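Structure first, commentary second.
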Amino acid sequence: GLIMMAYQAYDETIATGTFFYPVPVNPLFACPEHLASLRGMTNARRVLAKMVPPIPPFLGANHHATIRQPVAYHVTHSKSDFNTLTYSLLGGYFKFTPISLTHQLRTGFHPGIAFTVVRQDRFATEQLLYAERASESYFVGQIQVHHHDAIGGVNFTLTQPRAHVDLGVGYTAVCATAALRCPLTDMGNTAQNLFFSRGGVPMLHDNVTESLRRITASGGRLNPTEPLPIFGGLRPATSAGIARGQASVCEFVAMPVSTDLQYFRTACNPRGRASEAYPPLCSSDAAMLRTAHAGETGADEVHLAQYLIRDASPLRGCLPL
Amino acid sequence: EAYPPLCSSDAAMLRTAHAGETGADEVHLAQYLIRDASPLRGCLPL
Amino acid sequence: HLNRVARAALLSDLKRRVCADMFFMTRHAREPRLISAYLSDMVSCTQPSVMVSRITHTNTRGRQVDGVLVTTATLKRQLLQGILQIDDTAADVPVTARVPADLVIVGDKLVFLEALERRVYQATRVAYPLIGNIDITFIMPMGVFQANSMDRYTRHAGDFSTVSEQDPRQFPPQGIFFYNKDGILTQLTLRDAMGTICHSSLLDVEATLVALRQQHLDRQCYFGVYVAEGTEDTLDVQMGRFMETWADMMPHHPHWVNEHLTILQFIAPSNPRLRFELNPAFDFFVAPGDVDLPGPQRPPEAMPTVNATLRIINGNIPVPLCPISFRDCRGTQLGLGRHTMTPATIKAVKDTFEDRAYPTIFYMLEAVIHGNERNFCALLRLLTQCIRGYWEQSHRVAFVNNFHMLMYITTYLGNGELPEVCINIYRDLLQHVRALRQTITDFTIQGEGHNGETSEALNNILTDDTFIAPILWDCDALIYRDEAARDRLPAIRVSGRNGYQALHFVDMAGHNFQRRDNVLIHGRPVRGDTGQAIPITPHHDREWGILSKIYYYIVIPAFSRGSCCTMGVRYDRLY
Amino acid sequence: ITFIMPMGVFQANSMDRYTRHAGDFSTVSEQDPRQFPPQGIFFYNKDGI
Amino acid sequence: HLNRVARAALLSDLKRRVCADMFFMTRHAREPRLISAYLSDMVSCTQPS
């Protein structure tokens with residue numbers, strides 16, 4: 001086949017469609033105007049082609065071809081530069097497979113997907129309770145004893161029954177969480193591994209799963225034991241003293257890189273729809289966090305592309321920096 | 001008379017209107033930040 | 001009974017009250033007024049009980065005490081130091097008496113301040129209550145980016161600048177910073193996602209396909225979800241009945257074309273494609289029932305089902321979900337220090353691409369040579385004269401289309417046959433291509449191959465052997481494709497019949513332009529013998545296919561911007 | 001109580017197109033996405049959203 | 001007997017308490033509230049006899 005750059009229909013020295021016939025099969029190489037080269041050109045086909053690229057199915061459908069519509073839309077509707085356009089096309093030309101994803105993650109490239117992190121905590125909580133003066137009626141019985149033979153001697157057990165009745169009109173007592181003291185858990189950074197769980201469909205190739213398991217073990221603070229004991233829960237390997245308490249796991253949930261960011265600024269839903277996880281103060285840059293200490297009482301959100309979200313968790317006026 | 005509350009014409013000045021450097025800005029180039037003149041001066045914590 | 005709207009207003013009231021105060025006492029520890037307000041609210045929030053008493057508990061003065069508050073001694077001390085006021089040390093208590101017991105006034109009623117931790121729960125093996133604990137869920141976004149150009153705004157334009165020409169700030173976010181429980185910096189890197197996303201559970205979509213198969217599926221367009229086979233023809237009447245069927249087989253606008261919607265427009269609840277996006281790696285589309293892909297030319301009509309395919313390209317997600325601005329940002333991030341194109345070469349290439357008056361003589365030569373070294377080896381003078389004449393008349397570099405024509409020029413016509421500017425442009429384009437290839441090599445990890453697949457082909461797509469260039473002139477790439485995998489189930493279809501023959505060295509005596517079978521013209525090798533039973537060998541190394549695919553998928557679309565078209569040739573008229 | 005809220009008022013005066021600091025809100029785009037006339041208004045909900 | 005991990009958590013608590021208060025009298029000399037808190041913690045830290 002051949003590719004001709006600029007379509008001409010006003011060059012009358014050579015008859016239209018004398019040497020080539022437009023038979024394009026590529027989402028990127030859609031040529032609605034070049035179709036007029038072939039005979040039987042009508043207004044209906046042109047009107048249809050102004051919005052839909054004509055691509056044969058016997059040479060690959062758009063849903064079933066590797067190259068799809070959005071890359072064509074990107075290349076046909078972007079006017080920024082050409083070097084940047086070429087590098088963007090190259091970066092898009094990367095497989096989305098788990099091995100490829102591991103490759104980009106170990107490299108440093110940013111795939112076109114984002115994540116959110118959920119971490120569990122356990123805090124020592126104080127409860128503040130006031131009830132009433134006359135909130136409970138408390139009856140007392142008479143003490144009774146049982147002489148029971150024992151090993152060395154005998155056992156005397158003292159028994160006295162009693163009963164309680166709440167002679168209150170409504171809610172007599174109210175108790176609410178008050179104090180925090182030292183956090184018994186850790187505000188650390190430990191990813192929640194998924195290789196512990198079983199039940200999902202395995203890969204048809206064992207070596208792929210084994211390599212993914214071994215690369216997950218590297219760079220993870222909690223990892224499965226190498227012997228992989230069968231008929232068991234696959235407990236994590238023993239370790240030395242964990243720095244400052246029980247580790248807190250962090251799971252990853254994905255979303256597109258462009259997600260409504262001010263949604264994450266306030267107390268939002270872990271799933272994402274009202275149907276809530278408190279976000280504490282976080283920074284997407286090293287600079288943002290150290291400038292979030294109120295250097296000039298100044299808090300910033302976005303500088304160019306990263307983000308700095310304040311605290312919306314109950315730990316607002318706690319945890320001195 | 002209708003009392004005008006605090007407002008901004010872009011998301012930038014509204015978020016900077018929290019007195020970031022105790023600083024209340026009014027106009028950057030052409031968009032505007034109109035402060036609170038409604039009776040809700042010292043109410044409605046942000 | 002304030003019905004739904006006010007019940008939801010109350011619901012939001014509890015929402016904000018919960019969000020505001022769970023650890024208030026340690027929160028506003030430096031604001032003594034707030035604690036007093038909260039205690040006053042708590043004590044003045046429960047209705048009293050029956051006032052019955054024969055002899056009650058009173059202070060030394062005689063005023064009756066009105067309640068008891070229970071905590072631990074820590075908050076006793078923290079309240080008693082400067083927040084609440086001593087009423088007395090002892091009180092009057094019935095015996096069915098003067099006993100030391102603290103008591104504190106709050107609100108308008110007197111209440112005991114009991115923190116009973118010392119008279120009980122020492123040297124006994126029962127744990128103290130009021131030490132319940134709590135389990136809160138914390139939410140951290142990882143790589144959220146803003147698509148809007150207006151949102152790429154800062155506090156001050158010159159906040160964070162460096163000595164580098166390009167700001168090390170345009171790059172999209174890839175890490176999150178927060179504080180440890182002691183105040184030490186903590187960092188999460190994108191490598192940490194492998195604990196969740198890098199498992200085999202990514203391909204368990206069978207359950208979702210089965211579940212979604214049982215919904216209301218109506219008959220829709222079968223253009224983008226159908227694959228056919230070649231009808232064993234010279235590809236002309238094929239296009240004919242394709243256009244005749246295509247012009248009227250549209251039932252409505254395709255669901256996979258309307259990429260112009262933004263995030264908000266695509267996410268509108270009225271969007272029918274809103275429900276057809278389940279997995280980021282999977283494309284869900286409506287397919288006919290009991291149809292084997294590829295099917296016949298006319299799709300059989302039956303109940304439409306749901307079929308899903310894997311997203312090979314990360315950009316296969318719709319451009320509302322993958323912003324063009326983000327793509328440009330990360331593309332700039334990629335080649336920070338890589339080679340760039342000189343303004344001269346880029347202006348010449350763009351001017352010659354957008355040249356509408358481009359003569360068909362170059363197309364004739366490209367079709368006739370058909371990317372064969374034997375053809376190019378005998379047309380040095382004619383090619384030189386043609387390129388010189390076309391160049392030093394409007395300053396446009398030609399012969400850029402066919403990839404098997406530029407490297408031939410830069411190798412053979414490279415000692416000074418052409419003007420210095422033209423060969424410079426060809427060499428600069430080749431430098432850009434090899435810089436792209438080197439960037440591919442940098443971003444992949446070597447030393448890891450699975451099932452006989454090399455790391456380059458395992459990571460990138462343009463380095464993958466299975467995928468092929470839009471146009472192929474020789475059978476070398478096909479041989480590489482159908483030899484490389486050996487685990488990927490192959491199915492080669494050449495306009496009907498399956499499999500190729502690869503017969504080379506065709507002459508005028510046996511031209512046979514009306515050939516319909518699977519004889520593929522591999523072409524005459526230069527440094528070899530044609531023969532008849534000699535096995536077909538690739539004309540070039542494997543890197544040749546890499547360069548051709550890289551050029552066709554990078555240089556051509558970025559410059560043409562979806563304007564150039566691929567098409568066949570009529571040799572029966574050309575020859 | 002009835003509130004008042006202007007929506008699209010613009011500063012015609014070239015004198016008044018002044019800022020606190022010249023490079024307050026800038027981008028990587030050659031043209032500032034700030035010269036444009038206002039088209040929306042931002043304020044707070046009763047809960048701070 | 002909270003074993004190794006909680007002993008190390010206590011160890012870090014010792015770390016922070018040591019780094020926080022060696023010269024608190026001359027440190028938070030302008031904060032009278034903190035000094036009373038430290039004395040209250042001191043006196044309410046030893047059990048009686």
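Scheme for the structure tokens: letters A, B, ... for chains in order shown; per-chain residue numbers from 1; ligand numbers from 1 in order shown.
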
Distance cut-off 12 Å, counting only C-alpha atoms - which residues of chain A neighbour chain E? Return them as a ChimeraX atom specification. /A:181-187,238-247,320-321

N, CA and C atoms of the current selection, written as an mmCIF file, in the first residue's frame:
```
data_model
loop_
_atom_site.group_PDB
_atom_site.id
_atom_site.type_symbol
_atom_site.label_atom_id
_atom_site.label_comp_id
_atom_site.auth_asym_id
_atom_site.auth_seq_id
_atom_site.Cartn_x
_atom_site.Cartn_y
_atom_site.Cartn_z
ATOM 1 N N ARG A 181 -4.626 10.916 74.133
ATOM 2 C CA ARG A 181 -3.267 10.598 74.578
ATOM 3 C C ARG A 181 -2.378 10.089 73.445
ATOM 4 N N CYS A 182 -1.396 9.260 73.780
ATOM 5 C CA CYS A 182 -0.489 8.731 72.773
ATOM 6 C C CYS A 182 -1.237 7.780 71.842
ATOM 7 N N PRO A 183 -0.985 7.830 70.533
ATOM 8 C CA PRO A 183 -1.617 6.882 69.606
ATOM 9 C C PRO A 183 -0.974 5.509 69.716
ATOM 10 N N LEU A 184 -1.767 4.520 70.135
ATOM 11 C CA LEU A 184 -1.235 3.172 70.301
ATOM 12 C C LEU A 184 -0.864 2.540 68.964
ATOM 13 N N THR A 185 -1.459 3.008 67.871
ATOM 14 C CA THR A 185 -1.128 2.532 66.540
ATOM 15 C C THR A 185 -0.040 3.416 65.934
ATOM 16 N N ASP A 186 0.318 3.122 64.687
ATOM 17 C CA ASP A 186 1.344 3.862 63.972
ATOM 18 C C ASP A 186 0.721 4.613 62.804
ATOM 19 N N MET A 187 1.124 5.869 62.640
ATOM 20 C CA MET A 187 0.771 6.656 61.459
ATOM 21 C C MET A 187 1.822 6.482 60.368
ATOM 22 N N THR A 238 8.426 -13.217 60.666
ATOM 23 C CA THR A 238 8.782 -12.566 61.917
ATOM 24 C C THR A 238 9.809 -11.468 61.667
ATOM 25 N N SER A 239 9.838 -10.489 62.569
ATOM 26 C CA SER A 239 10.714 -9.340 62.390
ATOM 27 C C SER A 239 11.198 -8.794 63.725
ATOM 28 N N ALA A 240 12.095 -7.812 63.673
ATOM 29 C CA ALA A 240 12.580 -7.149 64.875
ATOM 30 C C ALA A 240 11.567 -6.109 65.333
ATOM 31 N N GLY A 241 11.955 -5.265 66.285
ATOM 32 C CA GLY A 241 11.011 -4.306 66.832
ATOM 33 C C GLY A 241 10.498 -3.347 65.772
ATOM 34 N N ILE A 242 9.180 -3.353 65.578
ATOM 35 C CA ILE A 242 8.561 -2.360 64.714
ATOM 36 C C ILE A 242 8.693 -0.998 65.380
ATOM 37 N N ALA A 243 8.999 0.026 64.577
ATOM 38 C CA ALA A 243 9.582 1.260 65.101
ATOM 39 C C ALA A 243 8.751 1.861 66.231
ATOM 40 N N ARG A 244 7.452 2.073 66.000
ATOM 41 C CA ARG A 244 6.667 2.799 66.993
ATOM 42 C C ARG A 244 5.252 2.255 67.181
ATOM 43 N N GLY A 245 5.038 0.958 67.014
ATOM 44 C CA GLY A 245 3.748 0.347 67.259
ATOM 45 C C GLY A 245 3.306 -0.531 66.105
ATOM 46 N N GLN A 246 2.085 -1.045 66.238
ATOM 47 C CA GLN A 246 1.536 -1.938 65.227
ATOM 48 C C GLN A 246 1.379 -1.205 63.900
ATOM 49 N N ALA A 247 1.810 -1.853 62.822
ATOM 50 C CA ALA A 247 1.774 -1.235 61.507
ATOM 51 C C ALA A 247 0.337 -1.053 61.029
ATOM 52 N N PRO A 320 1.309 17.699 67.501
ATOM 53 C CA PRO A 320 2.217 18.820 67.232
ATOM 54 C C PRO A 320 3.314 18.433 66.252
ATOM 55 N N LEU A 321 3.630 19.363 65.358
ATOM 56 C CA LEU A 321 4.589 19.111 64.290
ATOM 57 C C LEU A 321 6.024 19.284 64.779
#
```

Hey, which bits of chain D sit within 7 Å of chain B, and for each residue what's the closest pair of atoms and how far apart in Å (one decimal), counting only C-alpha atoms, rows by chain and increasing number, as CSV?
```
residue,atom,partner,partner_atom,distance
D:2,CA,B:2,CA,5.5
D:3,CA,B:2,CA,5.1
D:4,CA,B:4,CA,4.9
D:5,CA,B:4,CA,6.1
D:10,CA,B:30,CA,6.3
D:11,CA,B:30,CA,5.8
D:17,CA,B:29,CA,4.7
D:18,CA,B:29,CA,5.7
D:19,CA,B:28,CA,4.5
D:20,CA,B:28,CA,6.8
D:34,CA,B:29,CA,6.4
D:35,CA,B:29,CA,6.3
D:37,CA,B:30,CA,6.3
D:38,CA,B:31,CA,5.3
D:40,CA,B:9,CA,5.6
D:41,CA,B:9,CA,4.2
D:42,CA,B:8,CA,5.0
D:43,CA,B:7,CA,4.9
D:46,CA,B:44,CA,6.9
D:48,CA,B:46,CA,5.2
```

Could you write out the selected residues, including N, CA and C atoms, as a PDB file, in the first residue's frame?
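The new file selection-v2.pdb reads:
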```pdb
ATOM      1  N   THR D   2     -32.480  39.065  52.405  1.00  0.00           N
ATOM      2  CA  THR D   2     -32.205  38.841  50.992  1.00  0.00           C
ATOM      3  C   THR D   2     -30.775  39.264  50.694  1.00  0.00           C
ATOM      4  N   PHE D   3     -30.025  38.384  50.039  1.00  0.00           N
ATOM      5  CA  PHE D   3     -28.639  38.642  49.679  1.00  0.00           C
ATOM      6  C   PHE D   3     -28.565  39.198  48.264  1.00  0.00           C
ATOM      7  N   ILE D   4     -27.472  39.894  47.968  1.00  0.00           N
ATOM      8  CA  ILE D   4     -27.211  40.432  46.639  1.00  0.00           C
ATOM      9  C   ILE D   4     -25.874  39.884  46.161  1.00  0.00           C
ATOM     10  N   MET D   5     -25.841  39.474  44.899  1.00  0.00           N
ATOM     11  CA  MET D   5     -24.649  38.814  44.389  1.00  0.00           C
ATOM     12  C   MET D   5     -24.442  39.108  42.910  1.00  0.00           C
ATOM     13  N   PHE D  10     -17.353  43.489  35.008  1.00  0.00           N
ATOM     14  CA  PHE D  10     -16.018  43.527  34.426  1.00  0.00           C
ATOM     15  C   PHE D  10     -15.420  44.913  34.615  1.00  0.00           C
ATOM     16  N   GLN D  11     -14.096  44.971  34.742  1.00  0.00           N
ATOM     17  CA  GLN D  11     -13.393  46.239  34.924  1.00  0.00           C
ATOM     18  C   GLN D  11     -12.940  46.762  33.567  1.00  0.00           C
ATOM     19  N   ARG D  17      -6.938  47.220  36.056  1.00  0.00           N
ATOM     20  CA  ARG D  17      -6.544  45.827  35.835  1.00  0.00           C
ATOM     21  C   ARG D  17      -5.205  45.557  36.523  1.00  0.00           C
ATOM     22  N   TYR D  18      -5.147  45.934  37.799  1.00  0.00           N
ATOM     23  CA  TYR D  18      -3.929  45.846  38.589  1.00  0.00           C
ATOM     24  C   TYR D  18      -4.053  44.706  39.588  1.00  0.00           C
ATOM     25  N   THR D  19      -2.907  44.170  39.991  1.00  0.00           N
ATOM     26  CA  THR D  19      -2.818  43.006  40.858  1.00  0.00           C
ATOM     27  C   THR D  19      -2.092  43.343  42.154  1.00  0.00           C
ATOM     28  N   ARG D  20      -2.090  42.390  43.091  1.00  0.00           N
ATOM     29  CA  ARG D  20      -1.276  42.536  44.293  1.00  0.00           C
ATOM     30  C   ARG D  20       0.204  42.346  43.980  1.00  0.00           C
ATOM     31  N   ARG D  34      -6.217  34.496  32.677  1.00  0.00           N
ATOM     32  CA  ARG D  34      -6.718  35.454  33.649  1.00  0.00           C
ATOM     33  C   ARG D  34      -7.222  36.740  33.015  1.00  0.00           C
ATOM     34  N   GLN D  35      -6.763  37.079  31.808  1.00  0.00           N
ATOM     35  CA  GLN D  35      -7.246  38.261  31.104  1.00  0.00           C
ATOM     36  C   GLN D  35      -8.734  38.157  30.795  1.00  0.00           C
ATOM     37  N   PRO D  37     -12.785  37.776  30.722  1.00  0.00           N
ATOM     38  CA  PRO D  37     -13.799  38.361  31.597  1.00  0.00           C
ATOM     39  C   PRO D  37     -14.408  37.308  32.504  1.00  0.00           C
ATOM     40  N   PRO D  38     -14.877  37.698  33.688  1.00  0.00           N
ATOM     41  CA  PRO D  38     -15.506  36.726  34.588  1.00  0.00           C
ATOM     42  C   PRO D  38     -16.816  36.197  34.030  1.00  0.00           C
ATOM     43  N   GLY D  40     -18.401  33.392  36.224  1.00  0.00           N
ATOM     44  CA  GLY D  40     -18.994  32.654  37.316  1.00  0.00           C
ATOM     45  C   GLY D  40     -18.669  33.305  38.645  1.00  0.00           C
ATOM     46  N   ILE D  41     -19.407  32.891  39.672  1.00  0.00           N
ATOM     47  CA  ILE D  41     -19.225  33.405  41.023  1.00  0.00           C
ATOM     48  C   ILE D  41     -19.059  32.229  41.976  1.00  0.00           C
ATOM     49  N   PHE D  42     -18.168  32.391  42.952  1.00  0.00           N
ATOM     50  CA  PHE D  42     -17.860  31.360  43.933  1.00  0.00           C
ATOM     51  C   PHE D  42     -18.187  31.869  45.331  1.00  0.00           C
ATOM     52  N   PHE D  43     -18.846  31.029  46.125  1.00  0.00           N
ATOM     53  CA  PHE D  43     -19.081  31.339  47.530  1.00  0.00           C
ATOM     54  C   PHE D  43     -19.180  30.026  48.301  1.00  0.00           C
ATOM     55  N   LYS D  46     -23.458  26.574  53.659  1.00  0.00           N
ATOM     56  CA  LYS D  46     -23.602  26.818  55.092  1.00  0.00           C
ATOM     57  C   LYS D  46     -22.726  25.883  55.916  1.00  0.00           C
ATOM     58  N   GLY D  48     -19.609  25.097  54.690  1.00  0.00           N
ATOM     59  CA  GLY D  48     -18.263  25.414  54.269  1.00  0.00           C
ATOM     60  C   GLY D  48     -17.826  24.811  52.952  1.00  0.00           C
TER      61      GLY D  48
END
```

Contacts from chain A to chain D, 12 Å maximum, only C-alpha atoms: show me the residue list as an MDAnalysis selection string. chainID A and resid 80 262:268 302:305 312

Take the residues that were just selected and, keeping N, CA and C atoms, output them as an mmCIF file, in the first residue's frame.
```
data_model
loop_
_atom_site.group_PDB
_atom_site.id
_atom_site.type_symbol
_atom_site.label_atom_id
_atom_site.label_comp_id
_atom_site.auth_asym_id
_atom_site.auth_seq_id
_atom_site.Cartn_x
_atom_site.Cartn_y
_atom_site.Cartn_z
ATOM 1 N N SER A 80 -0.030 21.898 20.550
ATOM 2 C CA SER A 80 0.917 22.452 21.508
ATOM 3 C C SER A 80 2.324 22.552 20.943
ATOM 4 N N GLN A 262 -11.188 19.069 44.537
ATOM 5 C CA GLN A 262 -11.801 19.688 45.707
ATOM 6 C C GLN A 262 -12.742 18.731 46.426
ATOM 7 N N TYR A 263 -13.158 17.651 45.763
ATOM 8 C CA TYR A 263 -13.867 16.578 46.451
ATOM 9 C C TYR A 263 -13.010 15.960 47.546
ATOM 10 N N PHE A 264 -11.720 15.776 47.274
ATOM 11 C CA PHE A 264 -10.813 15.193 48.250
ATOM 12 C C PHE A 264 -10.379 16.186 49.319
ATOM 13 N N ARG A 265 -10.687 17.474 49.147
ATOM 14 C CA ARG A 265 -10.336 18.484 50.137
ATOM 15 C C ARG A 265 -11.114 18.327 51.435
ATOM 16 N N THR A 266 -12.371 17.886 51.366
ATOM 17 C CA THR A 266 -13.211 17.754 52.549
ATOM 18 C C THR A 266 -13.436 16.287 52.891
ATOM 19 N N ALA A 267 -14.201 16.026 53.947
ATOM 20 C CA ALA A 267 -14.513 14.658 54.355
ATOM 21 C C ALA A 267 -15.397 14.025 53.290
ATOM 22 N N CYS A 268 -14.816 13.135 52.494
ATOM 23 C CA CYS A 268 -15.498 12.505 51.377
ATOM 24 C C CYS A 268 -15.735 11.027 51.671
ATOM 25 N N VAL A 302 -2.498 24.203 45.004
ATOM 26 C CA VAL A 302 -1.843 23.744 43.786
ATOM 27 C C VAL A 302 -0.859 24.818 43.347
ATOM 28 N N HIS A 303 0.374 24.413 43.044
ATOM 29 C CA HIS A 303 1.349 25.366 42.527
ATOM 30 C C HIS A 303 1.339 25.371 41.002
ATOM 31 N N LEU A 304 1.689 24.247 40.380
ATOM 32 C CA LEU A 304 1.449 24.082 38.952
ATOM 33 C C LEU A 304 0.608 22.845 38.670
ATOM 34 N N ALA A 305 1.028 21.678 39.163
ATOM 35 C CA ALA A 305 0.358 20.415 38.865
ATOM 36 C C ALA A 305 0.128 19.526 40.076
ATOM 37 N N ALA A 312 -8.741 17.381 57.190
ATOM 38 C CA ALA A 312 -10.165 17.333 57.478
ATOM 39 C C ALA A 312 -10.497 16.255 58.497
#
```

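Contact shell of residue 30 of chain A at 10 Å (only C-alpha atoms; same-chain neighbours under 6 positions omitted): residues 23, 24, 49, 52, 53, 54, 55 and 72 of chain A; 562, 563, 564, 565 and 566 of chain C.
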
For the selection just defined, write its residues with C-alpha atoms to a file, as a tab-separated table (two decimals), in the first residue's frame.
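Final output, saved to out-v7.tsv:
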```tsv
chain	number	residue	atom	x	y	z
A	23	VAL	CA	-8.82	1.81	1.40
A	24	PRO	CA	-7.79	3.08	4.87
A	49	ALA	CA	-17.74	10.27	7.28
A	52	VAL	CA	-17.42	8.51	11.78
A	53	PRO	CA	-14.11	7.21	10.36
A	54	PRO	CA	-14.76	4.62	7.61
A	55	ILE	CA	-12.78	1.53	8.62
A	72	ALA	CA	-6.68	9.45	16.97
C	562	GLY	CA	-4.69	13.10	11.10
C	563	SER	CA	-4.57	14.49	7.55
C	564	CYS	CA	-2.59	11.91	5.58
C	565	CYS	CA	-4.31	8.71	4.47
C	566	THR	CA	-3.25	5.15	3.67
```

Restricting the calculation to only C-alpha atoms: of C:387, C:479, C:306, C:65, which residue gets closest to chain A? C:65

Those of chain E in DSSP helix (DSSP H, G or I), formatted as a ChimeraX atom specification: /E:3-20,24-27,32-43

Would you mind listing, for every residue of chain B within 8 Å of chain A, the two atoms forming the shortest contact and the distance between them in Å to one decimal, using only C-alpha atoms, sorted by chain and ascending residue number, as a tab-separated table?
```
residue	atom	partner	partner_atom	distance
B:20	CA	A:298	CA	4.9
B:21	CA	A:298	CA	5.6
B:22	CA	A:297	CA	7.8
```

Using only C-alpha atoms, which residues sit within 7 Å of segment 129-145 of chain C once same-chain residues fewer than 5 positions away are excluded, as a PyMOL selection string? (chain A and resi 114-127+257-259+261+270+277-279+305-306) or (chain C and resi 172-176)

Okay, now the selection with C-alpha atoms, as a PDB file, in the first residue's frame?
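This is the output file again.pdb:
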```
ATOM      1  CA  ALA A 114      -4.348   7.620  39.714  1.00  0.00           C
ATOM      2  CA  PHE A 115      -4.918   6.014  43.108  1.00  0.00           C
ATOM      3  CA  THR A 116      -6.361   6.666  46.542  1.00  0.00           C
ATOM      4  CA  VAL A 117      -5.026   5.288  49.819  1.00  0.00           C
ATOM      5  CA  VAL A 118      -7.009   4.002  52.805  1.00  0.00           C
ATOM      6  CA  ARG A 119      -5.282   3.407  56.144  1.00  0.00           C
ATOM      7  CA  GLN A 120      -6.766   2.067  59.388  1.00  0.00           C
ATOM      8  CA  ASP A 121      -5.855   3.425  62.824  1.00  0.00           C
ATOM      9  CA  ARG A 122      -6.488   2.583  66.473  1.00  0.00           C
ATOM     10  CA  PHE A 123      -6.429   5.494  68.928  1.00  0.00           C
ATOM     11  CA  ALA A 124      -6.776   5.357  72.698  1.00  0.00           C
ATOM     12  CA  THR A 125     -10.098   7.090  73.326  1.00  0.00           C
ATOM     13  CA  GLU A 126     -11.447   8.713  76.470  1.00  0.00           C
ATOM     14  CA  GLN A 127     -15.193   8.811  77.059  1.00  0.00           C
ATOM     15  CA  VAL A 257      -5.571  11.099  36.830  1.00  0.00           C
ATOM     16  CA  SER A 258      -8.074  13.960  36.447  1.00  0.00           C
ATOM     17  CA  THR A 259     -10.539  13.500  39.301  1.00  0.00           C
ATOM     18  CA  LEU A 261      -9.729  17.421  43.444  1.00  0.00           C
ATOM     19  CA  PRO A 270     -14.100   6.124  50.292  1.00  0.00           C
ATOM     20  CA  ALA A 277     -13.224   8.725  55.309  1.00  0.00           C
ATOM     21  CA  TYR A 278     -11.652  11.747  56.989  1.00  0.00           C
ATOM     22  CA  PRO A 279      -8.668  13.037  54.980  1.00  0.00           C
ATOM     23  CA  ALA A 305       0.358  20.415  38.865  1.00  0.00           C
ATOM     24  CA  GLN A 306       0.704  18.850  42.338  1.00  0.00           C
TER      25      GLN A 306
ATOM     26  CA  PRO C 172       2.266  15.284  37.010  1.00  0.00           C
ATOM     27  CA  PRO C 173       2.095  14.157  40.649  1.00  0.00           C
ATOM     28  CA  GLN C 174       3.423  10.704  41.482  1.00  0.00           C
ATOM     29  CA  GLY C 175       3.955  10.792  45.262  1.00  0.00           C
ATOM     30  CA  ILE C 176       2.177  11.781  48.459  1.00  0.00           C
TER      31      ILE C 176
END
```

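With distances restricted to only C-alpha atoms, C:28 is the closest residue to chain A from C:125, C:119, C:298, C:28.
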
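The residue that comes closest to chain D, out of C:52, C:346, C:329, C:509 and on the basis of only C-alpha atoms, is C:329.
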
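For the atom pair formed by atom CA of residue 223 of chain A and atom CA of residue 207 of chain A, the distance is 18.4 Å, given to one decimal.
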
So that I can see what lies close to segment 96-105 of chain C, please list as number ranges by chain the residues with an atom at most 10 Å from it, counting only C-alpha atoms and leaving out residues fewer than 3 positions away in the same chain. C: 55, 57-60, 65-69, 80, 84-93, 108-114

Write out as a ChimeraX atom specification every residue belonging to chain C that has an atom at most 9 Å from any atom of chain B, counting only C-alpha atoms. /C:151,153-155

Residues near residue 1 of chain A, anyone? I mean within 10 Å using only C-alpha atoms, not counting same-chain ones fewer than 6 positions away, as an MDAnalysis selection string. (chainID A and resid 20:24) or (chainID C and resid 367 370 470:473 566:570)
